[PDB]
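Structure at a glance
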Amino acid sequence: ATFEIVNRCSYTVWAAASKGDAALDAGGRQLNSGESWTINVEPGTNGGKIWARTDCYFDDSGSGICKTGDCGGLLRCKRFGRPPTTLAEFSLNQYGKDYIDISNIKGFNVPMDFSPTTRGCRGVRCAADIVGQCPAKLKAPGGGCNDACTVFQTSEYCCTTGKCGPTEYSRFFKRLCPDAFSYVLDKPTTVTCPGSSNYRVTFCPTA
C-alpha cells in the first residue's frame, strides 16, 4: 500500500512511520514545506502509525533529537514517538478490510488529514488549532498539547483497568476534533476501507 505523505505546513516536519517494533519503509524523513514523500507499507500491517515531528536536529549518522514525536533520537524511526503527537493510525488487510483513524490519545502537535486516494470510503481530519487553545495544564513546554494520561499518569486518564470514561481533558480534544479518538474508550471514529486501499496523510491540510 502506498501512503503519500504531504507537508502543507509553513515549517519543516520530519515525518515518521512505524508499527511499534519496526519501521515502515525508511521509517522517517525530512519534509520541507510543500514536500511529499511516498512510502510503501507491507500489506497486513497491523497497528501502523504515521506522525510528524517538529524542531529536530540530526547529525550525519541520523542521530539527534526532536521537540515532539522523538522516537529514540533516530531520523529513521523504528518505534513510536514521544508525545505529544497527532497520530494517523491504520491496520491493513484485516479480514479483507483496511481500518484508519486519527487519534489524539497521545496529544496533538500538528494538524492532519488522513484520506484514501482510492475509491470507496471517506477520510478523517483533525485540523483545528488545538495547540493555541490547549488547556494550561496540558501545554507541552517543548511544543504541542499533551494528553492527560501523559501529564497525570492516573488509571482514569490511562484507562488502565479497561473501565474509564470521558474527562474534562478528553472533552477538550473531542470538542476541537470530533473525528479523532479523544480517549481510549471513545466511541470509535474508525473508518473501514476496502482492503489494499492507498492513502494520503497531509500535515496542515487547511490554510
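Residues numbered from 1 in each chain as written, not as in the entry; some residues may be left out. Heavy atoms only, no water.

Per the PDB record, this model was obtained through X-ray crystallography at a reported resolution of 2.30 Å.

Notes on the UniProt feature "disulfide bond" in the protein chain
The disulfide annotated by UniProt between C9 and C204 is present in this model, the sulfur-sulfur separation being 2.2 Å. Here the residue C9 occupies a position in the loop between strand 1 (2-7) and strand 2 (13-18), and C204 occupies one in the segment after strand 12 (199-203), the gap between them amounting to 195 residues. Residue class for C9 comes out buried when judged on its relative accessible area of 0%. Sulfur atoms bridged by a disulfide sit less than 2.5 Å apart; for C134 and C145, annotated as such a bridge in UniProt, the distance of 2.2 Å is consistent with the bond. A residue pair is termed long-range when its members are at least 10 positions apart, and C134 in the loop between helix 1 (130-133) and helix 2 (148-152) and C145 in the loop between helix 1 and helix 2 qualify at 11 residues. By the burial criterion, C134 is buried, and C145 matches it. (Disulfide = S-S within 2.5 Å. UniProt positions renumbered as here; feature names shortened; annotations may be inferred. Helix = DSSP H or I, 4+ residues; strand = E, 2+ residues; numbered from the N terminus. Buried < 20%, exposed > 50% of the residue type's maximum accessible area, 1.4 Å probe, protein only.)

Some thoughts on the sheet that holds strand 10 (residues 124-126)
Within the open sheet, the 5 strands sit side by side as 4-1-12-9-10. Their pairing is mixed. Two strands in the sheet have a free side with no partner beyond their single neighbour: strand 4 (36-40) and strand 10. When strand polarity is set aside, the average angle formed by the axes of neighbouring strands in this sheet is 15°. Relative to strand 12, strand 9 (residues 112-116) runs antiparallel, the two being bridged by 5 bridges. Of the residues in strand 12, the one forming a bridge with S115 is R200. (Pairing = 2+ DSSP bridges. Axes fitted to C-alpha atoms, helices over the stretch in contact; angles between N-to-C directions.)

Structural notes on the state of the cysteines
For the structure shown, the criterion picks out 8 disulfides. Between the sulfur atoms of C71 and its disulfide partner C77 the distance amounts to 2.1 Å. Judged by the torsion about the S-S bond (-80°), the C71/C77 disulfide is left-handed. Here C71 falls in the buried class, since its relative accessible area comes to 2%. There is a disulfide in this structure between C149 and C158, and the S-S distance comes to 2.1 Å. Between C149 and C158, the S-S torsion sits near 95°, and that sign places the bridge as right-handed.

Focus: the environment of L138
With respect to the helices, strands and loops of the structure, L138 is situated in the loop between helix 1 and helix 2. Along the sequence, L138 and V110 sit 28 residues apart, while their C-alpha atoms lie 15 Å from each other. Leave out the neighbours within four places in its chain, and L138 touches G144, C145, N146, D147, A148, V151, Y169 and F173. (Contact = heavy atoms within 4.5 Å.)

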